[PDB]
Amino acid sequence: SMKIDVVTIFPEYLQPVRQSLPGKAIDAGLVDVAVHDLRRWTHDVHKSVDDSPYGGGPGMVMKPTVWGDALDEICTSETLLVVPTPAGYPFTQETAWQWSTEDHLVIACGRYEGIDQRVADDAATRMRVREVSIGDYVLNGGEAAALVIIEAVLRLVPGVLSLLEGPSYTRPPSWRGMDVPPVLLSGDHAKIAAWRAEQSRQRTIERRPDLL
């Protein structure tokens, strides 16, 4: 089984991924995704989750006292705490494979300038913590990144959900003046494999020369 807890000030953001879980996987106890409103752990009548940054500058920083309480309740010694942030280590397919065998992921979704660093520092003294970035761009908060991480990980858990791949084709054989490459209809499967390899090579050269 894998349990995923997501903590966010926008719990509705995560509701469609919850529903996208096949019933057969839930009934089999293979997966459970739970979403938690961070404001459940606020201390004041205004339900404050952020405050101005020490050292000045623009934006707001999320409060350590609120996050500390939330993680204290939700995390255990076995938890892998995932913190999506544009300042993180890169989240890659290798990461997704590694995390796919975890028993318990907690994903802490921050907003804007981030979560007070002492939250991660404190958590790391009693569980594993991973701050990660899903790409070289900035979003307004961690929620969309959490969706990407949840999907990339869970599709690698049985029954739950190099070079670039080249182009794919299906019927009809001719469409708006363009024919499917005849080699694909040749029945020469060694040649097809070689053709696909060359298409992959060319596409990787053009789009992702970093991979070579």
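For clarity, a rigid core is taken as the largest C-alpha set superposing within 1.5 Å between two forms. Residue numbers run from 1 along the displayed sequence.
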{"property": "Outlying stretch relative to shown form, 8 to 16 versus 200 to 208 in 9 other deposited structures of this protein, C-alpha RMS (core)", "result": "8 to 16"}
{"property": "Rigid core superposition result in 9 other deposited structures of this protein, more deviant of 68 to 76, 111 to 119 by Cα", "result": "111 to 119"}
{"property": "Other entries omitting residue 194, at least a third", "result": "no"}
{"property": "Residue 56 unmodelled in at least a third of other compared entries", "result": "no"}
{"property": "Unresolved deposited residues in the interval that joins residue 161 and residue 162", "result": "10 or more"}
{"property": "Stretch with the higher entry mean CA B-factor, where the candidates are 151 to 159 and 65 to 73", "result": "151 to 159"}
{"property": "Between 52 to 60 and 30 to 38 (mean CA B-factor, as deposited), the higher", "result": "52 to 60"}
{"property": "Chain-relative CA temperature factor third for residue 112", "result": "highest"}
{"property": "Chain thirds of CA B-factor: placement of residue 4", "result": "middle"}
{"property": "Lowest, middle or highest third - CA B-factor, residue 14", "result": "highest"}
{"property": "Residue 133 CA temperature factor, ranked by third within the chain", "result": "lowest"}
{"property": "Lowest, middle or highest third - CA B-factor, residue 185", "result": "highest"}
